[PDB]
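Visitor: pasting the sequence and an experimental structure:
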Amino acid sequence: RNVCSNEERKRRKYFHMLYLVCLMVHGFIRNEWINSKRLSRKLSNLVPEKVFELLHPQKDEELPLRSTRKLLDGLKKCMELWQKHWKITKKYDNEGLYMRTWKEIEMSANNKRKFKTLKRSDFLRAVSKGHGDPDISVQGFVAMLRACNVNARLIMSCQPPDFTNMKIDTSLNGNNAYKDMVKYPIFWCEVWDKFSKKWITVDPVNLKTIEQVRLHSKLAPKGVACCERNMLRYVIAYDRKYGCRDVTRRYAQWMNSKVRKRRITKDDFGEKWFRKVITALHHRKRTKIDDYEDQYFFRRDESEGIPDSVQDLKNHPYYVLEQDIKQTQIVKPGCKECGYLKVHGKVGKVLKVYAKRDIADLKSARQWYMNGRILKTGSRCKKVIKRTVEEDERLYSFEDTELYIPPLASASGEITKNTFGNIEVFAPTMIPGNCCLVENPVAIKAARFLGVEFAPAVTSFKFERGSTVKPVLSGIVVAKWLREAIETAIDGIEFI
Amino acid sequence: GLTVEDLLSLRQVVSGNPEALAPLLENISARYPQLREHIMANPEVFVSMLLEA
DNA sequence: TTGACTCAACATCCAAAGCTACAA
DNA sequence: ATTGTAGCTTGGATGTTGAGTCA
C-alpha cells in the first residue's frame, strides 16, 4: 500500500503542532513589526488627504451604505497606489510559507543551507524601499493602512504540514508547481467597516481584490493542484491591538465538515491545545467588534448546514447518519431526523440525518457502576443488545441512573468493603464522604504497618494474557483524619 | 530547559526567517526528546519564551 | 471531476477479580 | 514437598487509512 507506520503518524502530529505554533508566533511578531512607529510615519505620507477622508467617511445617518461605499473606494485607491509604491516583487525562494510535504521536511534536515537573516530593521527598510516578496508587500500594506489609523488586520493562512496525510511517498506534480502554489495568497488584510459592522477582505498584491465575504471567498484555494501546497485550515487574524482570533470560519465554506477533519482541533485535546495557543497570543480584552464577528460566525455556522456527501458526515461535530448511530445509542424521545442526504451514485437513494444533540448515549448497569452510578427504583431499560457467550444486556439512560453514595466509615475509621475485601473506587463519588483515597505503591504496606483501619482500593482492571482480567489495587481508602499519618508512613517506608 | 543559543536561533528564525523553520525544528526536536511532552501539555510557556527578548 | 463503493492491512476501543502443571 | 509460580501460543468488534474501480 502507501501508509506509513504509527510512529510516523504520531511524529507527524507532533511536528504539525510544533510547526503551527511557530507559524502563529511568526504572525504575531510580524504584526508587532507592522505596528512600528518609525515605519508608519513614513508610510503615512503615501496617502493623500482626499484618500484619508475616503477611509474615514462621515457617518451617514439616512443610509450607512453610502459610507461603506466611500470606504471601499479609499481601500481601492490605497491598493492602486501600493502597486506604485512597491515596484519590485521577489519570488519566494523555496515555497515561501506554503505547505511543505513530509518528504521535503525530512530531506531539509539532510542538507544545510545558508540563510540571510531578516531583522526588524531589515523588514522596515525593505517595506520603505518597496522591495520584496508578496508577503512582505501585503505586510507593508497593512502597515500603511494602520499608519492612516484604519483598523486593519493582518491575515495569515498558516500552512503547517498536513498531519492527516499518512502517505510515505508524498511526491507532488512539478507541472506549473510555482504558478499553482502562488495562485492564492498566504497573507492578506481585513479592514473593519464600522458602518455595516463587518470585516472587509483585502488582498492588494496577489488577487488584487476587495470583497465583503458572505458565503464565498475569492481567497480560499480551489482545485486539487492548488490545495497540495495551500490547505486552508488556520486563518489567523492579528489586529492593531495585538489581538489574535481564529478567523477560518470566514474563509472556509465547510468549516464544520471538511476543514475540521484537517485541523488539530478535531478532538477535545487539540481543541484545548489550540485555545491555549490563541489565548497565549491574544493580548487584549474582548471588544464589541468581537461580538459582531462572533454573530457573523454563528450565522455562517447556521447556514453551512448538512454536508452534501456521506464522507463529510463521518465524525461531524453536529450531525450523524442514522446508520452511524452506535448500537449503544438511542434517539431522544420525541426527536426525529433534522435533514436528509441525497446519496451520490444511487437514484433516489436518501439517508436520514440526525442532530447529535438529539442522540442519547446508554450504558448497562455494570457500565454505570463503572461510572459510579446505580439504577433508580423502577427504572425501565431503553434498549437490549447482544454480547458474547449469547447474553441480553439491558441499557439505561443517564436519567434512569442515580449517583452511588457509599456508606461512611465508622468512628474508628473502618471501611465497609466488598466480597473480596477491597473497596471499588472507579469515580471520586465512590470515596466515602469522611474518607480519602491515597494512591501509592506502598500505601498498603504503610496502612498495614500502622495497624490502622483501611481498605485496599481497586481503581481499575488490568487486561492481560491468558484469558483473565486482574484487579489493579493502586492504593488505600482510609478515613480522612488518618491521611497525614498514612502520608508520614508512606514517606518513611524505607524505615519499616 | 533549553540553552541560550538554541532559544536565540529559534526566535531569530521565527521572527524573520520562517522559511528556514523545517530544518531547525528537525534538528531541535531530534536533540530535545522532552520538548514533545512540553508542547503537548504547556504550549503557552513555549509561546511566552519566544515572545521574550 | 464527483463521491460511493470495495479491499486489506493495521489501529483502536472496550470489556471488568484464573487455570494447569510441576518443582520444592 | 500437598504450596508457590512460570506460563498460557488480550482478542473481537469496529474504525481508519490509501488505492483502486465504477458510474
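Guide: Good, I have the coordinates. Numbers count the residues shown, from 1 in each chain, chains lettered A, B, ... in the order given.
Visitor: please count neighbours and contacts with C-alpha atoms only from this point.
Guide: Fine.
Visitor: check contacts around the residue nearest to the spatial centre of chain B.
Guide: In chain B, the centroid-proximal residue (C-alpha atoms, centre = their mean) is residue B:10; its distance is 5.1 Å. Taking C-alpha atoms under 8 Å, 6 or more residues apart in numbering or on different chains, we find residue B:10 in contact with B:24, B:50.
Visitor: tell me the buried residues in the strand or helix carrying it?
Guide: Using DSSP states H and E, residue B:10 falls within helix B:4-16. Residues B:10, B:11, B:12, B:13, B:14, B:15, B:16 are the ones in helix B:4-16 that count as buried (16 or more other C-alpha atoms under 10 Å in any protein chain shown).
Visitor: chain center to that helix, what's the gap?
Guide: Centroid separation for helix B:4-16 versus its chain: 7 Å, with C-alpha atoms, centre = their mean, to the nearest Å.
Visitor: mind exporting it as PDB, just the C-alpha atoms?
Guide: C-alpha atoms of helix B:4-16 as PDB (Å, rounded to 0.1, in the frame of the first residue of the first chain):
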ATOM      1  CA  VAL B   4      20.500  30.300  25.300                       C
ATOM      2  CA  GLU B   5      21.900  29.600  21.800                       C
ATOM      3  CA  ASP B   6      19.000  27.500  20.700                       C
ATOM      4  CA  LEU B   7      16.300  29.800  22.000                       C
ATOM      5  CA  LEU B   8      18.200  32.600  20.200                       C
ATOM      6  CA  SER B   9      18.300  30.800  16.900                       C
ATOM      7  CA  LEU B  10      14.600  29.800  17.300                       C
ATOM      8  CA  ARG B  11      13.500  33.400  18.000                       C
ATOM      9  CA  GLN B  12      15.500  34.700  15.100                       C
ATOM     10  CA  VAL B  13      14.100  32.100  12.600                       C
ATOM     11  CA  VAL B  14      10.500  32.600  13.900                       C
ATOM     12  CA  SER B  15      10.700  36.300  13.600                       C
ATOM     13  CA  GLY B  16      12.500  36.900  10.400                       C
END
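Visitor: spit out the contact partners of residue A:147.
Guide: By C-alpha under 8 Å, 6+ apart, the neighbours of residue A:147 are A:40, A:41, A:43, A:44.
Visitor: what's the ChimeraX syntax to select whichever of those are buried?
Guide: The ChimeraX command for the buried members of those (criterion: 16+ other C-alpha under 10 Å) is given here:
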select /A:40,43,44
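Visitor: kindly report the residues of chain B close to chain A.
Guide: Residues of chain B lying near chain A by C-alpha under 8 Å from any C-alpha of the partner chain: B:12-27, B:36, B:39-41, B:43-44, B:47-48, B:50-51.
Visitor: at 10 Å what do you get?
Guide: Applying C-alpha under 10 Å from any C-alpha of the partner chain, one finds that chain B approaches chain A through B:10-27, B:29, B:35-37, B:39-48, B:50-51.
Visitor: in helices only, show me those.
Guide: Assigned to helices by DSSP state H, the following of those qualify: B:10-16, B:21-27, B:29, B:35-37, B:39-41, B:43-48, B:50-51.
Visitor: ok and the residue in chain B nearest DNA strand D?
Guide: The nearest approach of chain B to DNA strand D comes at residue B:40, 18.9 Å away (C-alpha to the nearest atom of the strand).
Visitor: any idea how far residue A:108 is from residue A:98?
Guide: Distance of residue A:108 to residue A:98, given as C-alpha to C-alpha, to the nearest Å: 15 Å.
Visitor: when those two are compared, which one has more neighbours?
Guide: Taking other C-alpha atoms under 10 Å in any protein chain shown, residue A:108 and residue A:98 do not tie; residue A:98 has more neighbours (24 against 17).
Visitor: surely the more buried one is within a helix?
Guide: No: per DSSP: H, G, I helix; E, B strand; the rest coil, residue A:98 lies outside any helix segment and is coil.
Visitor: need the contact list for it.
Guide: Residues near residue A:98 by C-alpha atoms under 10 Å, 6 or more residues apart in numbering or on different chains: A:92, A:157-161, A:181-182, A:184-186, A:227-231, B:19.
Visitor: show me these that map onto strands.
Guide: Within the contacts of residue A:98, residues falling in strands by DSSP state E are A:157, A:158.
Visitor: can you tell me which of the contacts of residue A:98 are buried?
Guide: Buried among the contacts of residue A:98 (16+ other C-alpha under 10 Å): A:92, A:157-161, A:181-182, A:184-186, A:227-231, B:19.
Visitor: let's have the buried residues of helix B:4-16 in CSV, adding distance to residue A:439.
Guide: Formatted as CSV, the buried residues of helix B:4-16 follow (distance: C-alpha to C-alpha, whole Å):
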residue, distance to residue A:439
B:10, 41
B:11, 42
B:12, 46
B:13, 45
B:14, 43
B:15, 46
B:16, 49
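Visitor: could you work out the most separated pair of the residues you listed?
Guide: Greatest spatial distance among these (C-alpha to C-alpha): B:10 and B:16, at 10.1 Å.
Visitor: one step back: any chance of the buried residues of helix B:4-16 in CSV, plus distance to DNA strand D?
Guide: Shown next, in CSV, are the buried residues of helix B:4-16 (distance: C-alpha to the nearest atom of the strand, whole Å):
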residue, distance to DNA strand D
B:10, 30
B:11, 32
B:12, 33
B:13, 30
B:14, 29
B:15, 32
B:16, 32
